[PDB]
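> Sequence and experimental coordinates follow.
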Amino acid sequence: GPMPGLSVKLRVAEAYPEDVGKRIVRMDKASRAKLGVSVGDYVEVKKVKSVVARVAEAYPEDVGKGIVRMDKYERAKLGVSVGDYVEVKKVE
């Protein structure tokens, strides 16, 4: 299950072409920090439904944007669209 405690709310952005299929979510360092995750860790992404994904680094162009980049497979399983908001949590 996800770690006990608080949640980071990020906006769903689309994945970069080469990350498609890899069950990866790109967040910036600030977001990674509130969650107490480093790169390589797993997070739960949730909007009633939930998926788990591996944390990866945001691109410099994406630092600060408050987004989480996630591909067509996680987004369909999550039932979510680009521009939607989701809650991210470290996995225990």
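Right, received. Where do you want to start? Residues are numbered from 1 along each chain as shown.
> tell me which element residue 50 falls in.
Assessed by DSSP states H and E, residue 50 sits inside strand 49-57.
> Figure out how far the next helix or strand after that strand is from the centre of its chain.
Scanning forward in sequence from strand 49-57, with DSSP H and E defining helices and strands, the next element found is strand 67-69. How far strand 67-69 lies from its chain's middle: 6 Å, per Cα atoms, centre = their mean, to the nearest Å.
> Residues contacting the very next helix or strand once past strand 67-69, please?
Counting by DSSP H and E, the element after strand 67-69 in chain order, helix or strand, is helix 72-78. By Cβ atoms under 8 Å, 6 or more residues apart in numbering, the surrounding residues in contact with helix 72-78 are 12, 15, 20-21, 23, 25, 45-47, 49-51, 53, 70, 81-82, 86. Backbone N, C-alpha and C define where each C-beta goes, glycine included.
> One more pass at 10 Å, please.
Under the contact criterion Cβ atoms under 10 Å, 6 or more residues apart in numbering, helix 72-78 has outside partners 12, 14-15, 20-25, 45-53, 68, 70, 80-82, 84, 86.
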